[PDB]
Structures are given as C-alpha cells and as structure tokens.
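S.K.: Got a structure for you, questions after.
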Amino acid sequence: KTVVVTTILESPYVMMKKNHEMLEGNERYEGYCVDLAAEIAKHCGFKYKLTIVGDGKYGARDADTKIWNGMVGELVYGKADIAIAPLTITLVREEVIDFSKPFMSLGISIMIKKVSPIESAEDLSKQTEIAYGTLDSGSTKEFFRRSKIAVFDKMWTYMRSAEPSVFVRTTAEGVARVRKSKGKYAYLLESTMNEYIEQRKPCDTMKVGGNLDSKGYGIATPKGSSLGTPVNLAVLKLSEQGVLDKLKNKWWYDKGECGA
Amino acid sequence: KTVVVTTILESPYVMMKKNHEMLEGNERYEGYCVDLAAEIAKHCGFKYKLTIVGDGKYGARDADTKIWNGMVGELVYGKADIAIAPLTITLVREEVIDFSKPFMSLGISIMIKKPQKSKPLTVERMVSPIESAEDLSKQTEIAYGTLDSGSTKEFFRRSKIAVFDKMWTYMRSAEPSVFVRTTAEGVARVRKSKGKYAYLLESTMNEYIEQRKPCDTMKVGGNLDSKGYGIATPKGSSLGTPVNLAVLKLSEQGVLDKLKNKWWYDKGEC
Amino acid sequence: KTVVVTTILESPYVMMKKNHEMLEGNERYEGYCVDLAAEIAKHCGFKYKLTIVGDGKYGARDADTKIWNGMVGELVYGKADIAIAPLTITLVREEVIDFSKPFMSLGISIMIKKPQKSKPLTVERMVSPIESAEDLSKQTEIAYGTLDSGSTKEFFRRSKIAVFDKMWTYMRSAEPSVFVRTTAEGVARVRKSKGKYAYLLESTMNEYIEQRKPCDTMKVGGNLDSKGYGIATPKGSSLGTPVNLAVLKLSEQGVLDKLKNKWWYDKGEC
Amino acid sequence: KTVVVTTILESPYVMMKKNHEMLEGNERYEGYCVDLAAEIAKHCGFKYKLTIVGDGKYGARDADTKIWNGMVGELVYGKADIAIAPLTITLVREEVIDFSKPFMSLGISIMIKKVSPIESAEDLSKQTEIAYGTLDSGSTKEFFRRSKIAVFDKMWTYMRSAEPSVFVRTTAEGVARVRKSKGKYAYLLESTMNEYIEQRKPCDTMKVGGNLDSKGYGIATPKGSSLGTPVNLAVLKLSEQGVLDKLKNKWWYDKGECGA
Ligand SMILES: NS(=O)(=O)c1cc2c(cc1Cl)N[C@H]([C@H]1C[C@H]3C=C[C@@H]1C3)NS2(=O)=O
Ligand SMILES: NS(=O)(=O)c1cc2c(cc1Cl)N[C@H]([C@H]1C[C@H]3C=C[C@@H]1C3)NS2(=O)=O
Ligand SMILES: NS(=O)(=O)c1cc2c(cc1Cl)N[C@H]([C@H]1C[C@H]3C=C[C@@H]1C3)NS2(=O)=O
Ligand SMILES: NS(=O)(=O)c1cc2c(cc1Cl)N[C@H]([C@H]1C[C@H]3C=C[C@@H]1C3)NS2(=O)=O
Ligand SMILES: N[C@@H](CCC(=O)O)C(=O)O
Ligand SMILES: N[C@@H](CCC(=O)O)C(=O)O
Ligand SMILES: N[C@@H](CCC(=O)O)C(=O)O
Ligand SMILES: N[C@@H](CCC(=O)O)C(=O)O
C-alpha cells in the first residue's frame with residue numbers, strides 16, 4: 001500500500017529540481033523534506049508517493065466556516081496520509097492532527113533590505129514608517145492574532161488594518177516584496193526560511209533581531225493514525241543519529257552561494 | 001485523587017528554599033520546574049505533590065538486568081504519575097514512557113574552568129585551550145567526562161560519529177573515572193582541577209552556572225547536538241494528552257520563555 | 001443619571017479618531033484625557049458622556065462684565081458637572097470651582113522654531129537666539145505671545161515679577177496681536193514665522209509637539225513656573241471628594257505615569 | 001486665639017537656630033517651613049506657635065491597632081491645628097486629614113555614596129550585592145508596601161526580609177548609614193532631601209537615576225476644619241506670586257556650600 005505524502009513547494013524543503021519535465025514520480029522533487037521523507041519511509045518500511053498540495057497553504061481555519069485548508073485540511077479530510085513539510089506545531093493544529101516530535105527548531109524573525117534602524121521587534125512596532133506583514137493562512141499570523149502580549153497585540157492590530165494588504169500569498173512573494181520595497185517593508189517569517197534567503201543570491205536581504213518565539217516543525221498524521229508512533233520513533237532515531245543535522249547542513253550551509 | 005510529581009534536584013529547575021526547615025509540601029521547593037508544574041496544574045485541573053527520587057538519578061536501563069532506574073525507572077514501575085523535571089527526550093526512553101512536546105531546547109556543551117585573561121597594545125584577550133569537541137578528542141592532557149546514568153553518557157555510548165566514538169572510547173577506559181554522580185560534582189571537579197578537567201553537560205545548566213558567581217567556568221564551542229526537555233508520563237496514561245496541550249498552551253502564551261528568562265537571566269550575578 | 005464630562009479639544013489629551021465619521025459617543029474621542037475619564041468613572045461608578053465646549057476656550061474673566069467663559073464658565077453656570085482636561089489649577093479659578101489634586105505637573109515654557117545646526121572639527125552644534133525668558137524680554141527682534149483666554153495670559157497679566165511684567169507690557173501693546181486663539185494656531189505661527197515668533201505654552205504640550213513630526217520646533221530655557229492640571233468640579237458638588245480620591249489612587253497605582261508614557265513618548269518619533 | 005502648628009525637625013525645612021539656647025518662641029526655628037508658616041499666617045491672619053512633634057515620625061498606622069502616630073496622629077486626635085512640614089500627600093492620609101494643594105514637587109530617589117553601577121531602580125532590584133532601604137514610618141515604606149508593580153513589589157519584599165534591619169529611624173540616620181557604608185548601602189528618600197544632602201558638605205553623596213514616581217508636599221489640617229480653604233487659597237496665592245520658588249531657591253541653592 002503506497003502512502004500519500006502531502007508537502008508544499010518550499011525552499012530548501014521541496015524543490016522541483018531543475019529539469020523536472022523529463023522526470024516522473026518522487027525523482028522530480030528534491031530538498032530537505034524529500035530526504036526526510038525518504039529516511040522516514042526507509043525506517044518505517046513503507047512505499048510513498050510525494051504530492052504537492054493543490055493550494056499552497058500550510059493550514060488554517062476559514063471565516064467561522066470551521067473548514068481546514070492546505071496540508072492540514074488535506075490530512076483532516078482523509079486526502080493525505082502524512083505531511084513531511086515545514087509544518088509548525090501549534091495548539092489549534094495539534095487538536096485535530098497528530099504531530100511528531102520536532103525535527104527542526106525555528107522562530108519568528110524579521111527580514112528587511114540590507115546598524116539596522118529597527119533591530120528588535122519593539123522598535124519595529126513603535127515606528128510606523130516601515131511596514132511589516134506576515135504570510136497569509138500561515139502560523140505566524142495565527143500567532144499574532146491569538147497573542148495577548150501588548151507589543152504583539154499592537155503589531156497584529158496594525159497588520160490587520162493595513163492599506164493595502166500587508167499579507168502575502170507566498171513567502172516567496174513576501175521576499176520579493178521586501179526586495180522591491182527599497183527597505184520600506186519588513187517580513188515576519190520563520191527563522192530557517194529567513195536564513196536560507198539571507199544565504200542565497202543576490203544577498204540583499206538580512207535578518208534583524210532575535211527570535212520572537214521558539215517553535216518547531218513536525219511530521220503530521222491524521223488523528224488516531226497507525227503511523228504516528230512509527231514516524232515519531234523514526235524522527236527520534238534520526239535526531240539521535242545526527243541525520244537531521246546532516247540534512248540541515250547539506251541544504252542550508254553546504255552549498256552557500258553567498259559571500260559571508 | 002492527588003497524583004505525585006517525581007522530580008530531580010537540579011538548579012535552577014528545583015532548589016530547596018532557605019526556610020525549608022519549617023516548610024512542608026510544595027513550598028519547600030522552588031525553581032523553574034515547580035512553577036512549571038503549577039502552570040500544568042492550572043491548565044488541567046488536578047492536585048499534585050512534589051517528590052524527589054531517592055536514588056537521585058535521571059534514568060537509565062542497566063545492562064544485563066534490563067531494569068530502569070532513576071526518574072524514568074520509578075515512573076515505569078508505577079511509583080510515579082508524571083515527571084516534571086529536566087528530563088531529556090530520547091529514543092530509548094520514548095519506548096517505555098510517554099513524552100510531551102519539548103518545553104526547553106538544549107544541547108550538549110563543554111564546561112571548562114575559565115582561564116586567566118592573557119596580556120600581551122594593552123587589551124585583554126580571551127584564550128582557551130579547547131574551542132570545539134574535535135580538539136577535545138584529539139588532545140589528551142585535559143580529561144573530560146559526563147554525568148552517570150544520564151542522557152549525555154547514553155548519547156556518547158550509542159554514537160557512531162567518529163569523534164564522539166573516540167571520546168566515548170576514552171571515557172569508558174579512564175583511570176580515575178571521569179564520570180560524576182551529580183552535576184554539582186562535575187562543576188566542583190572542573191573548578192578544582194585547575195583546567196585539567198572538562199565537564200560535558202546540557203547547555204541550559206552550563207549557561208546557568210556560567211552566569212552565577214564565582215563565574216570561574218566558561219562554555220567552549222557550540223552544542224554537540226539538539227535535544228529537548230519533555231514532561232514524562234507513564235506509557236498508556238490518560239495524562240499524556242492534557243500535558244501535551246498544556247505544554248503547547250504555555251509555549252504559545254509566552255509563559256515558557258518568560259519563566260526561562262526570569263529563572264536564568266534575571267538573576268545575573270556576574 | 002448620566003454625568004457630562006466637558007473637555008477641550010487638545011492633543012495628546014483629546015483627539016478626534018480617524019474613523020469618527022461613523023463613530024458616535026465616547027468612541028469618537030481618544031487621548032490621555034479620555035483614558036483619565038474612563039479611569040475616574042471606573043473608580044467611582046457613573047456613566048459619563050464626553051462633551052467638547054462650543055466656545056473652544058479654557059476659561060477666563062471677560063473685561064468689565066464679570067462673566068466666565070470656556071470650560072470654567074460653562075461649569076460654573078451648570079451646563080457641565082465635571083471637567084477632565086488640561087485645565088490649570090489657578091487661584092482665580094479655585095474661587096469659583098472645585099479643583100482636585102494635580103494629576104500632571106507642568107510649567108510655562110518657550111517654543112521657537114528649531115534653528116539650523118551651525119557648521120564651523122566638523123562638529124554640529126545647536127545654536128539658538130533665545131536661551132531664557134530674560135533675554136526674550138530684553139530682545140525685540142523676535143515677537144512672542146500666548147494663548148488667548150488661557151492660564152498663561154492670566155499669569156502674565158497678574159505678574160509682579162519685573163521680567164514678566166515687562167513681557168506682559170510688550171504683549172498688551174503688540175501690533176499685530178501676538179495672542180493666538182488656538183494652540184495649533186500658535187504652533188503653526190511659530191512654524192511659518194521663520195524664527196521671528198516664539199510661543200509661550202505649557203511644557204507638556206511643548207514637549208509633545210517637539211517629539212512629533214515634522215519636529216522643527218524646540219523648547220528653549222527652563223519652565224517659567226510650576227503648576228498642575230486638576231479635574232474641575234462646581235463648588236458644592238458631591239463629586240469633588242470621589243474625584244480627588246480617584247486621582248490619588250491612580251497616582252499611587254502608577255496609572256497616571258504609564259498613561260503619560262504611552263501618550264507622550266511611546267508614540268513619538270524623530 | 002493661637003494656632004498650634006506641628007512640624008518635624010527636617011533640613012532645610014525646620015532647623016534649630018544657631019543661638020536658640022537664648023532664643024524663645026518661633027524665633028528659635030528657621031528653614032523653609034518656618035518661612036512658609038509665617039507667610040501662611042500673614043495671609044490668613046492668625047497667631048501661631050511652632051511646635052515640634054514629640055515623636056519624630058511623619059505619620060502612619062500601627063500594627064492592626066488603627067492608631068495614627070507622628071504629625072498625622074497629632075492632627076487627627078486634636079493635638080494640633082495645622083501641619084506645615086514635608087508631609088507627603090497620600091491616599092491613606094487624605095482619608096483622615098485635609099491636604100492643601102501641593103507647595104513642593106518631589107519623588108522617590110535613590111541616593112548612594114560617591115561609573116554609576118546602580119543607575120535605575122530596576123538594576124537595584126535585580127542585583128542584591130548592594131543593600132537598600134527606606135525611612136521607617138514614612139511615606140516611602142508605605143509606597144513600596146502597597147505597590148503592585150513587580151519591581152517595587154520585589155524591592156519591598158527584599159526590604160522587609162532584611163538582616164539586620166535595613167530601615168532607618170531618621171533620615172539623618174539613613175544619610176549617616178549610607179555615608180559610612182562605603183558604597184554598600186543605598187537610601188530611598190524624597191528627591192528634595194536628596195538634593196539638599198547632595199549639594200551640602202562634604203558632598204560625598206549623590207543621587208542616581210530619576211524619580212520613581214511623582215508626589216507633593218501639602219499643608220495638612222484636621223478633617224472638616226475652617227482653616228482648610230484659607231490655607232489652600234494661601235498656597236495658591238503664594239505659588240502664583242512666585243514666593244514658593246523664592247523660598248526653595250533660598251533654602252536649596254542660595255547658600256550652596258559645595259562646588260557645582
Ligand atoms: N539543529 S536542527 O534545527 O537541525 C535539530 C533540531 C531538533 C532536533 C534535531 C536537530 Cl538536527 N531533535 C529534537 C527532538 C529530539 C528529541 C528531543 C527533542 C525532540 C525529541 N527536536 S529539535 O530540538 O527541533
Ligand atoms: N527558548 S526555550 O529553550 O525556553 C523554549 C523552547 C521550546 C519551546 C518554548 C520555549 Cl520558551 N516550545 C517548543 C514546542 C512548541 C511547539 C513547537 C515545538 C514544541 C511544540 N519546544 S521547544 O522548541 O524545545
Ligand atoms: N509624571 S506626571 O507629570 O504625569 C505626574 C504628576 C503628578 C502626579 C502624577 C503624575 Cl504621573 N500626582 C501628584 C498628586 C499626588 C499626590 C501628591 C501630589 C499630588 C497629590 N500631582 S503631580 O506631582 O502634578
Ligand atoms: N518649583 S517648586 O518645587 O518650589 C513648586 C512646586 C509647586 C508649586 C510651586 C512651586 Cl514654586 N505650585 C503647585 C500648586 C499650584 C497650583 C497648581 C498645582 C498646585 C495648585 N504645586 S507644585 O507643582 O508642587
Ligand atoms: N511553517 C509555517 C509557514 C507559515 C509562516 O511562515 O508563518 C506553517 O506551517 O504555518
Ligand atoms: N537531563 C539529562 C541529564 C543531564 C545530563 O546528562 O547532563 C537526562 O534526562 O538524562
Ligand atoms: N491649560 C491652560 C491653557 C493652556 C495654555 O494657556 O497654554 C488653562 O487651563 O487655561
Ligand atoms: N516626606 C515623607 C517622609 C520621608 C519619607 O518617607 O521618605 C512623609 O511625609 O511621610
């Protein structure tokens with residue numbers, strides 16, 4: 001029985017190679033998550049087929065409709081069997097799907113154009129001269145929406161009431177927007193994605209400040225699935241063997257096409 | 001029914017209060033884990049009594065006897081119901097007990113006695129004999145060790161990495177023994193060995209000791225790996241899901257990071 | 001019964017909200033004084049309706065008619081029951097209305113257009129033509145004025161200090177009139193007067209304007225005197241004691257200090 | 001009829017005259033408060049006699065005894081008619097006596113012995129290497145005791161549980177204690193007394209940071225007394241005339257027996 005693996009087009013997590021038009025199956029995808037899925041399948045011992053979620057959303061709830069979209073929706077409604085992807089482990093997600101132990105630590109970070117005038121999140125919030133926004137239908141937006149801290153609350157309130165729309169459909173779109181904003185826009189994204197962008201050409205983006213919070217990426221399975229325990233044990237074994245560190249080094253630092 | 005919360009004695013997680021002679025119950029102990037347990041109790045309604053393991057070990061399964069000891073050991077055999085303590089999530093432990101999502105990230109770090117400031121126009125520069133784990137492995141004039149019956153020793157024993165395998169080979173055949181019974185024992189050994197002993201311990205305790213007087217220890221290099229502390233729970237228990245959800249709530253609500261900051265960096269003696 | 005809260009339109013104390021075209025009631029206005037009124041209502045339980053004076057004046061005695069105008073005027077004759085605004089506690093007002101303890105301290109300050117940073121090794125130094133009120137009085141090239149029907153004008157009118165008497169004598173016989181109807185009008189006059197006009201206003205408004213864009217104004221010299229803003233109340237009203245106790249309680253809590261911080265410096269720039 | 005004025009021996013508010021042994025009546029006292037009392041009496045038009053309170057306390061409530069001591073106790077129980085003294089206006093005091101409008105602004109300030117490693121009160125609360133305390137039965141101890149802010153709460157908790165006693169009987173005693181502590185003790189007093197001490201000989205003390213809060217000194221009168229309105233109007237007239245500023249300049253800066 002083949003296992004359907006939902007995943008998102010994210011760099012360096014999943015990429016469609018460079019000449020994928022002549023390739024078929026799992027061979028036309030590459031990245032951190034492809035290698036992670038291969039290792040998970042090898043440890044557990046199942047055949048898998050990589051598929052990209054039709055709509056490029058990580059997962060959220062609609063406007064009072066109680067409908068999950070993205071990979072989380074693909075998992076809840078039985079369309080997918082597992083999700084090897086940069087899926088953040090959150091409260092609202094864990095109540096509907098089973099997350100494994102985190103395989104990558106991360107955090108919310110600010111990326112701007114190339115001493116920074118904002119640095120910390122407080123100075124970014126206080127100064128309205130530079131705009132800041134998050135990915136739409138993601139987990140950082142839901143972090144700010146549910147946040148009760150005064151700085152985070154005020155940042156969220158500014159973000160929701162912004163003219164024009166400060167959110168972005170894709171993190172690539174957000175990176176492009178901060179690139180062509182001439183330093184007038186800031187992007188709130190995961191620290192791993194921020195580092196990957198800042199170590200890639202043409203290196204006009206840099207990360208300021210620290211991490212707003214600490215989270216992790218998990219492998220998600222449908223609630224009450226027989227694969228949850230095996231994939232959790234596989235993640236634990238890979239972490240103890242240093243395979244996750246090797247994969248992160250390979251897809252984040254080994255190539256390094258930037259001057260640093 | 002009041003369930004028990006087994007826990008190790010470790011600063012800044014659990015420390016006896018100064019006026020604990022006349023105190024009893026969950027007010028004798030203070031630290032990060034005591035109010036972590038308080039927050040867990042607030043989130044999911046139950047009464048809890050803090051306990052300390054008699055043998056004073058985190059937990060490891062003895063070879064040729066297949067018997068778990070320490071916090072994990074007495075959690076497995078039903079003498080405990082939940083273990084809120086700096087317990088590392090490991091594969092061997094996850095097969096006998098249920099773990100929650102990590103509430104604190106950590107890594108294996110190196111502790112050495114802080115060397116004297118080198119002097120040469122007149123600037124004071126920091127010079128150390130060890131800067132990573134590879135130079136620790138290759139060199140032989142400085143001994144190094146870990147905590148017995150802990151996760152660090154088990155990580156070194158089951159390591160196929162060449163440098164870690166070499167370091168474990170040195171550790172196993174060492175005279176006198178380089179392993180210590182308690183973290184405080186390792187810190188005292190480092191402080192008294194005059195730079196001839198390095199202590200391999202978790203990064204959180206390493207930073208906590210570094211920030212406190214007499215601040216004669218320094219942490220060299222980066223973390224050897226990436227792990228986390230989880231709230232342990234007996235296998236097939238009903239507390240696993242509420243504990244997981246409470247950990248997620250505390251993480252997303254800023255309780256965890258503010259607790260870590262006010263137990264680690266607010267009291268910066270040095 | 002709903003008690004009405006008369007108030008002047010002054011920033012950062014009271015500002016019309018951006019989406020106040022559709023908003024109605026107490027939600028139309030925002031600022032320091034609306035927060036103060038909310039806290040006062042929280043302390044002593046009452047419903048309050050914010051009201052802006054039609055006259056647009058703080059209040060004074062008109063010439064030869066012995067009639068009060070502005071907030072003080074409409075409070076004396078019963079069109080309002082409490083005044084929560086930057087109203088200055090003065091002797092001439094305390095004889096006709098009841099004042100509470102000052103919720104914010106203030107002084108009379110000098111506002112001039114910020115000069116250009118003088119360039120002479122290659123250091124940039126601030127140079128100003130006026131450094132105190134004495135040199136403002138002795139000099140004649142720069143005009144200066146106050147706000148009409150306000151506390152500053154009455155203070156200069158009834159001053160027996162030689163320098164202040166000289167300044168008042170210049171003010172009374174100035175041509176064209178140096179008195180402005182609104183604080184914003186005086187600030188605009190200073191801004192567009194190319195350094196030929198100086199505005200004498202309360203230190204709080206001076207600092208707030210100095211900290212906000214385009215921030216081309218500067219406050220020269222120290223405060224001319226020491227006064228405070230109180231919450232006004234008609235003589236014999238039963239609200240005097242509860243409002244006084246509320247002011248003292250809010251001062252003790254630090255609510256006043258945090259309101260000042262979040263309405264004066266947190267929102268500032270440049 | 002004569003009016004009994006209660007006051008405390010405080011510099012530069014009330015001092016014993018240099019040749020007071022041969023002096024009688026109000027002529028043997030001098031300071032800011034003596035001049036203030038003279039001006040208040042001249043404005044209102046009453047005869048007064050300065051009396052120093054037998055117990056050298058400003059006023060507070062005892063341990064669950066509901067008994068007022070010091071000047072506030074002298075006023076509540078009818079032993080005095082008015083109090084021209086550095087009496088801080090507080091909620092607990094205002095409920096039992098009538099305070100006039102403040103005639104002097106002040107605040108809580110930290111004074112130590114002459115790199116400034118203490119700076120603000122936050123670092124004082126964070127570091128226990130240096131000790132700090134307040135005046136016993138004053139208005140600073142009651143401010144810290146009733147404070148709900150975390151920094152002030154922890155400062156008060158440290159101060160109450162101090163071995164040996166950290167509080168001082170008199171402000172002069174606290175000045176001496178910080179003088180002879182060789183920079184190991186800090187004193188929390190009013191900003192006016194702090195300034196007067198810091199510009200006086202031998203100038204070995206200095207004030208750090210800023211004011212912890214904003215308060216004022218008022219003229220206190222028994223509840224429901226015919227003198228409250230006249231003395232309030234007198235204070236307002238003196239402030240509008242600049243007399244209070246002249247008195248503060250004369251007793252704080254005119255002498256100036258230090259190099260500054
Ligand atoms: N250095 S890293 O981001 O590639 C990284 C991050 C992490 C790893 C392993 C690696 Cl290599 N394992 C941990 C897991 C292992 C066991 C302890 C915590 C979880 C369960 N999660 S983690 O702390 O998110
Ligand atoms: N900054 S820290 O070490 O105190 C820390 C570390 C971690 C926290 C929260 C904090 Cl405050 N929560 C995460 C958890 C939250 C959700 C995402 C990963 C796990 C599930 N684990 S963690 O990455 O080990
Ligand atoms: N820092 S400030 O100007 O906003 C400010 C100023 C003042 C405050 C409170 C604040 Cl926050 N309260 C005092 C009052 C409290 C008690 C002591 C003096 C009066 C009665 N008046 S004040 O000295 O005019
Ligand atoms: N500069 S000072 O400390 O001598 C000083 C301080 C103050 C003065 C007058 C002087 Cl001279 N008057 C005010 C009073 C006057 C009217 C306005 C506020 C009160 C009622 N109180 S104050 O703000 O506490
Ligand atoms: N990893 C995030 C992506 C969205 C974001 O960057 O906030 C998620 O799974 O929701
Ligand atoms: N926390 C570790 C023990 C500490 C250490 O080994 O340094 C464990 O769970 O075993
Ligand atoms: N607050 C002053 C008016 C402002 C001013 O005169 O500058 C008053 O009560 O009259
Ligand atoms: N001025 C204070 C006394 C000094 C102090 O408490 O610091 C009072 O009236 O209570």
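To be explicit about the labels: the chains of the structure tokens are called A, B, and onward in the order shown, and within each one the residues are counted from 1, while ligands get numbers from 1 in the order they are shown.
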Residue C:94: which residues within 9 Å, counting only C-alpha atoms, same-chain residues fewer than 3 positions away excluded, as a PyMOL selection string?
M.R.: (chain C and resi 89-91+97-99+232) or (chain D and resi 233+236)
S.K.: For the structure I just gave you, how does DSSP split stretch 32-234 of chain B - specifically, which residues are alpha helix (DSSP H)? Reply as number ranges by chain.
M.R.: B: 32-43, 70-76, 91-94, 134-138, 151-157, 162-172, 183-192, 203-210
S.K.: Got a sec to check which residues lie within 8 Å of ligand 6, using only C-alpha atoms and all ligand atoms, and send them as a PyMOL selection string?
M.R.: chain B and resi 57-60+86-89+108+146-153+183+200-202+229
S.K.: List all protein, DNA and RNA residues that have at least one atom no more than 6 Å from any atom of ligand 3, counting only C-alpha atoms and all ligand atoms, and write them as a PyMOL selection string.
M.R.: (chain C and resi 101-105+228+248+251+256-257+260) or (chain D and resi 89-90+102+105+214-216)
S.K.: To check your reading of the model: which residues sit at most 7 Å from ligand 8 when counting only C-alpha atoms and all ligand atoms? Write the answer as a CSV table (one decimal) with N, CA, C and O atoms, in the first residue's frame.
M.R.:
chain,number,residue,atom,x,y,z
D,58,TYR,N,6.6,61.0,60.6
D,58,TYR,CA,5.7,61.8,59.8
D,58,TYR,C,4.2,61.4,60.0
D,58,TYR,O,3.3,62.2,60.0
D,59,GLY,N,4.0,60.1,60.1
D,59,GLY,CA,2.6,59.6,60.3
D,59,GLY,C,2.3,58.3,59.6
D,59,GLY,O,2.5,58.2,58.3
D,86,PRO,N,7.2,68.8,55.6
D,86,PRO,CA,7.3,68.0,54.4
D,86,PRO,C,6.4,66.7,54.5
D,86,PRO,O,7.0,65.6,54.6
D,87,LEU,N,5.1,66.9,54.5
D,87,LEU,CA,4.2,65.8,54.6
D,87,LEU,C,3.7,65.4,53.2
D,87,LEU,O,3.1,66.2,52.5
D,88,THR,N,4.0,64.2,52.8
D,88,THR,CA,3.6,63.7,51.5
D,88,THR,C,2.1,63.5,51.5
D,88,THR,O,1.5,63.0,52.4
D,134,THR,N,14.5,52.2,53.3
D,134,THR,CA,13.8,53.4,53.3
D,134,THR,C,13.6,53.9,54.8
D,134,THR,O,14.3,53.4,55.7
D,135,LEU,N,12.8,55.0,54.9
D,135,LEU,CA,12.5,55.5,56.2
D,135,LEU,C,11.4,54.8,56.9
D,135,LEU,O,10.4,54.5,56.3
D,138,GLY,N,7.5,56.3,57.4
D,138,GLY,CA,7.5,57.4,56.5
D,138,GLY,C,6.4,57.3,55.5
D,138,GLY,O,5.3,56.6,55.8
D,139,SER,N,6.6,57.8,54.3
D,139,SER,CA,5.6,57.6,53.2
D,139,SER,C,6.3,56.8,52.0
D,139,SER,O,5.5,56.4,51.1
D,140,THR,N,7.6,56.5,52.1
D,140,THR,CA,8.2,55.7,51.1
D,140,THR,C,8.0,54.2,51.4
D,140,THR,O,7.8,53.4,50.5
D,141,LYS,N,8.1,53.8,52.7
D,141,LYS,CA,7.8,52.4,53.0
D,141,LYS,C,6.4,52.1,52.7
D,141,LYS,O,6.1,51.0,52.2
D,188,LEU,N,16.6,55.3,50.0
D,188,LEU,CA,15.4,55.7,49.2
D,188,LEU,C,14.7,56.8,50.0
D,188,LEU,O,14.0,56.5,50.9
D,189,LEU,N,14.9,58.0,49.5
D,189,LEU,CA,14.3,59.2,50.2
D,189,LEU,C,13.6,60.1,49.2
D,189,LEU,O,13.6,59.8,48.0
D,190,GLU,N,13.1,61.2,49.7
D,190,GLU,CA,12.4,62.2,48.8
D,190,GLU,C,13.5,62.9,48.0
D,190,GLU,O,14.6,63.1,48.5
S.K.: Go ahead and compute the interatomic distance for atom CA of residue A:26 and atom CA of residue A:83, in Å to one decimal.
M.R.: 14.7 Å
S.K.: Taking only C-alpha atoms into account and nothing else, which residues of chain D lie no more than 10 Å away from chain C? Please answer as a ChimeraX atom specification.
M.R.: /D:89-92,94-95,99-105,143,146-149,212-216,229,232-242,244-245
S.K.: List as a ChimeraX atom specification the protein and nucleic acid residues near stretch 33-37 of chain A, meaning an atom at most 6 Å away when only C-alpha atoms are counted, but skip any in the same chain fewer than 6 places from it.
M.R.: /A:13-14,85
S.K.: Atoms to include: C-alpha atoms. Write the selected residues as a compact mmCIF listing (two decimals), in the first residue's frame.
M.R.:
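That gives us again_39.txt:
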# COMPACT_ATOMS: atom_id res chain seq x y z
CA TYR A 13 12.37 21.88 1.78
CA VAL A 14 10.81 20.82 -1.54
CA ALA A 85 6.77 19.59 5.29
S.K.: Which residue out of A:51, A:192, A:69, A:109 has the minimum interatomic distance to ligand 1 when only C-alpha atoms and all ligand atoms are used?
M.R.: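 Using only C-alpha atoms and all ligand atoms, the shortest distance to ligand 1 belongs to A:192.
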S.K.: Which value, in Å to one decimal, gives the distance between atom 20 (C, counted along the ligand's line) of ligand 4 and atom CA of residue D:152?
M.R.: 28.5 Å
S.K.: I want to know what sits within 7 Å of residue D:136, based on only C-alpha atoms, with residues of the same chain fewer than 5 positions away left out; could you give that as an MDAnalysis selection string?
M.R.: chainID D and resid 141 167:169
S.K.: Can you list every residue in stretch 45-115 of chain C that DSSP puts in strand (DSSP E or B), as JSON, numbers by chain?
M.R.: {"C": [48, 49, 50, 51, 52, 61, 68, 82, 83, 84, 85, 86, 87, 88, 97, 98, 99, 104, 105, 106, 108, 109, 110, 111, 112, 113]}
S.K.: Just give me the gap between atom CA of residue D:39 and atom 17 (C, counted along the ligand's line) of ligand 4 in Å, one decimal is fine.
M.R.: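 Separation of atom CA of residue D:39 and atom 17 (C, counted along the ligand's line) of ligand 4: 17.9 Å.
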S.K.: Would you list the contacts of stretch 234-237 of chain C as a list in words, taking every protein, DNA or RNA residue within 8 Å and counting only C-alpha atoms, but skipping same-chain residues closer than 5 positions in sequence?
M.R.: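 Residues near the query, excluding close chain neighbours: residues 75, 76, 78, 81, 82, 96, 97 and 98 of chain C.
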S.K.: What lies within 12 Å of residue D:162 using only C-alpha atoms, ignoring chain neighbours under 4 positions off, as an mmCIF file with N, CA and C atoms, in the first residue's frame?
M.R.:
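Okay, result.cif is ready:
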data_model
loop_
_atom_site.group_PDB
_atom_site.id
_atom_site.type_symbol
_atom_site.label_atom_id
_atom_site.label_comp_id
_atom_site.auth_asym_id
_atom_site.auth_seq_id
_atom_site.Cartn_x
_atom_site.Cartn_y
_atom_site.Cartn_z
ATOM 1 N N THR D 128 21.474 42.134 44.260
ATOM 2 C CA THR D 128 21.429 42.197 45.714
ATOM 3 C C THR D 128 22.799 42.433 46.336
ATOM 4 N N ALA D 131 22.916 46.897 49.305
ATOM 5 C CA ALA D 131 21.691 46.958 50.086
ATOM 6 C C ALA D 131 20.965 48.278 49.851
ATOM 7 N N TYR D 132 19.674 48.290 50.177
ATOM 8 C CA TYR D 132 18.866 49.493 50.052
ATOM 9 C C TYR D 132 17.686 49.410 51.009
ATOM 10 N N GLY D 133 17.288 50.565 51.536
ATOM 11 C CA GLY D 133 16.190 50.630 52.480
ATOM 12 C C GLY D 133 15.559 52.004 52.471
ATOM 13 N N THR D 134 14.520 52.156 53.293
ATOM 14 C CA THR D 134 13.757 53.399 53.331
ATOM 15 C C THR D 134 13.626 53.930 54.753
ATOM 16 N N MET D 155 11.334 44.777 45.441
ATOM 17 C CA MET D 155 12.146 45.642 46.291
ATOM 18 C C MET D 155 11.599 45.678 47.712
ATOM 19 N N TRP D 156 10.276 45.793 47.853
ATOM 20 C CA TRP D 156 9.677 45.800 49.182
ATOM 21 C C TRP D 156 9.865 44.463 49.883
ATOM 22 N N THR D 157 9.691 43.354 49.157
ATOM 23 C CA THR D 157 9.862 42.042 49.775
ATOM 24 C C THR D 157 11.291 41.846 50.261
ATOM 25 N N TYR D 158 12.275 42.301 49.482
ATOM 26 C CA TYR D 158 13.651 42.242 49.962
ATOM 27 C C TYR D 158 13.837 43.130 51.186
ATOM 28 N N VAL D 166 17.048 47.095 57.809
ATOM 29 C CA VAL D 166 17.524 47.985 56.759
ATOM 30 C C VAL D 166 16.876 49.365 56.852
ATOM 31 N N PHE D 167 15.714 49.463 57.491
ATOM 32 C CA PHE D 167 15.049 50.746 57.653
ATOM 33 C C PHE D 167 15.758 51.587 58.707
#
S.K.: Would you kindly return, as a ChimeraX atom specification, each protein, DNA or RNA residue with an atom no farther than 12 Å from any atom of residue C:33, considering only C-alpha atoms and excluding same-chain residues fewer than 5 positions away?
M.R.: /C:5-15,26,38-40,50-51,83-87,103-104,229-231,256,259-260,263
